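A short write-up of the structure that comes next.
Every number here is computed from the coordinates shown, using simple stated rules; none is lab data. Here the Cβ positions follow ideal geometry from the backbone for every residue, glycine too, while neighbour counts run over all protein chains shown.
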Amino acid sequence: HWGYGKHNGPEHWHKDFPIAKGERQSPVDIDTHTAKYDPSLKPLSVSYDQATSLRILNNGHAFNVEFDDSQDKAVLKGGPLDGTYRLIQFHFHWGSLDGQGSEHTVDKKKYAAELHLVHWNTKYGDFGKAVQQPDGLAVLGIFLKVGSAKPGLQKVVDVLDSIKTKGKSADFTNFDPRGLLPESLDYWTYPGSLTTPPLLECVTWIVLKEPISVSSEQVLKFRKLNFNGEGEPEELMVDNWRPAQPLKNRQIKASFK
Ligand SMILES: CCCCNCC(=O)Nc1ccc(S(N)(=O)=O)cc1
Ligand code: NA
Ligand SMILES: [Zn+2]
């Protein structure tokens, strides 16, 4: 029964998920002056040309665009990663206001939203096994700021009416996630966790430096979604972000000078 409200939100999660107070929790604030350039970091390899999207689902916490991950079709390699990570889903976190919504922050700055492209390490065979491993997942995080529309996001925005409430899904085939990327693949990286329960410490975070711009109308449509199921009292799906957690014994590395 965890959520983002006053009585079940991030401050409560530790009671059911004690790892909430663990040693490599996410998100974190990215202090740009303290992050260190690592010249040995390889360029990211984002190979999404064969991506096969299947479905979009309102799961009561966010909406997920799901992919066929039963073959190497859309994969993330390189950067800090060893091996091949398959794209399984992407989703967003966003705010009730344009000045909040991202999970990671940059010099304490909050963006309007944050995109998470979730990948799992193929050496572990399936996603469920991968989340039990310290190098099981790689999540590519991309900040959203409000300005010009993102044309590649509009197909997502268009379908949200059909998945307004928790448990609703819709076909969502032939979507190209490459349309959600910024120009640059410069990034920060650090070892972290899932940012929602079960908060498993299985994620290599790769956070892009360059935000994408989305329009006020696009993010407004995110905010019309519901946390609740159909026929239940309406609770707008907004502010579904976890705040920055203590960095503890971690260094954030930068791919760029
Ligand atoms: C088919 C889709 C199943 C996905 N299953 C993933 C899942 O159960 N939970 C989950 C929680 C948080 C993140 S985050 N916010 O760190 O990226 C990503 C995934
Ligand atoms: Na506008
Ligand atoms: Zn997320």
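Of note:
- Taking the stretch 107-144 as the range and being surrounded by fewer than 17 Cβ atoms within 10 Å (Cβ to Cβ) and more than 13 Å from ligand 1 (Cβ to nearest atom) as the test, the residues that pass are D107, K108, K109, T122, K123, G125, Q133, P134.
- Tally of residues being assigned to a loop (DSSP other than H, G, I, E, B) and not acidic (D, E) across the stretch 105-128: 5
- Taking the numbered list (1) surrounded by fewer than 19 Cβ atoms within 10 Å (Cβ to Cβ); (2) in a strand (DSSP E or B); (3) within 17 Å of the chain's Cα centre (by Cα) in turn, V207 passes all entries but (1).
- For the stretch 163-194, filtered to residues that are small (G, A, S) and touching a residue at least 40 places away in the same chain (Cβ under 8 Å), the residue that is surrounded by the fewest Cβ atoms within 10 Å (Cβ to Cβ) is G167.
- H104 vs. criteria surrounded by fewer than 22 Cβ atoms within 10 Å (Cβ to Cβ), under 20 Å from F143 (Cα atoms) and in contact with a strand residue (DSSP E or B) (Cβ under 9 Å, 6 or more places away or on another chain): no
- Unique match (being more than 14 Å from ligand 1 (Cβ to nearest atom) and acidic (D, E)) among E234, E201: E234
- Matching residues in the stretch 6-29 - criterion: being free of Cβ contacts under 8 Å to residues at least 40 places away in the same chain and assigned to a loop (DSSP other than H, G, I, E, B): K6, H7, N8, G9, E11, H12
- Members of the stretch 230-244 found to be out of contact with any helix residue (DSSP H, G or I) (no Cβ under 9 Å at 6 or more places or on another chain), surrounded by 13 or more Cβ atoms within 10 Å (Cβ to Cβ) and part of a loop (DSSP other than H, G, I, E, B), listed by number: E235, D239, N240, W241, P243, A244
- For the stretch 39-93, a residue qualifies if it is of a type in the set (D, E, K, R) and part of a strand (DSSP E or B), and the qualifying residues are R55, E66, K77, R86.
- Scanning the stretch 149-189 for residues that are within 30 Å of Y37 (Cβ to Cβ) and assigned to a strand (DSSP E or B) turns up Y187, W188, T189.
- Residue check, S40 over 20 Å from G136 (Cβ atoms), surrounded by fewer than 21 Cβ atoms within 10 Å (Cβ to Cβ) and without any contact (Cβ under 8 Å) to a residue 24 or more places away in the chain: yes
- Criterion: of a type in the set (D, E, K, R) and within 14 Å of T204 (Cα to Cα) - qualifying residue of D161, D98, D135: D135
- In the stretch 96-135, the residue that is nearest to the chain's Cα centre (by Cα) out of those that are within 12 Å of ligand 3 (Cβ to nearest atom) and not small (G, A, S) is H116.
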